[PDB]
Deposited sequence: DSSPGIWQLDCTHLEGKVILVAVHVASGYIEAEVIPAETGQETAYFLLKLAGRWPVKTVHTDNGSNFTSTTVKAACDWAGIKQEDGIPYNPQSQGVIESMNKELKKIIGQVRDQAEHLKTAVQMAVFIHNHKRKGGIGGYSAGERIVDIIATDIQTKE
């Protein structure tokens, strides 16, 4: 449960957003990238894995993820790929829409949407944000 991420892509304004979701908490990492190439995907994963302890990624089995470039990055990071193995994503497009007019460029609106997402309290004033849940799940001591 703590090491499992789901990667998905979304296409917005003719641009591609790569989204990684930490399945257990709802916490997200996201980046606008040039196009869905093996090198861009490898580089996103290497960055994700250097920040969070990533054991397994579930992917949509796109051509970017069957490349040897991505397989190699995953081997180097000790990440197991599960390609093709099983709509928050809609609310991210929503959030991006509600910050869009404070930033000139899509990439800035994406990072603002990431911030709002990971800070939002889910389940009422009684609840926890994704950012709070992920550290809770992942922490090894107290």
| item | value |
| --- | --- |
| Deposited sequence positions missing from the model - stretches, numbered from 1, in order | 1 to 2, 89 to 98, 155 to 158 |
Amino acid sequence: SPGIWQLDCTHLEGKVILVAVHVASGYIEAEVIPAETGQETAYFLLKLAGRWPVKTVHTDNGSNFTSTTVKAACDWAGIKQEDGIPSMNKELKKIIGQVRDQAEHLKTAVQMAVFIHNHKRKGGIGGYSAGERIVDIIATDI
From here on, numbers count along this sequence of modelled residues.
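What we label the rigid core is the largest C-alpha set whose atoms superpose within 1.5 Å from one form to the other.
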| item | value |
| --- | --- |
| Of 113 to 121 and 87 to 95, which departs more from this form in 4 other deposited structures of this protein by CA RMS after core fitting | 87 to 95 |
| Farther-lying stretch by C-alpha RMS in 4 other deposited structures of this protein, rigid core as reference, of 133 to 141 and 4 to 12 | 133 to 141 |
| Stretch exceeding the other in mean C-alpha B-factor - 44 to 52, 77 to 85 | 77 to 85 |
| Per the entry, higher mean C-alpha B factor between 61 to 69 and 23 to 31 | 61 to 69 |
| Residue 121, C-alpha B-factor rank within chain (lowest, middle or highest third) | highest |
| Residue 139 - which third its CA temperature factor falls in, relative to the rest of the chain | middle |
| Ranked C-alpha temperature factor of residue 12 among modelled chain residues, by third | highest |
| Third of chain Cα B-factors occupied by residue 110 | lowest |
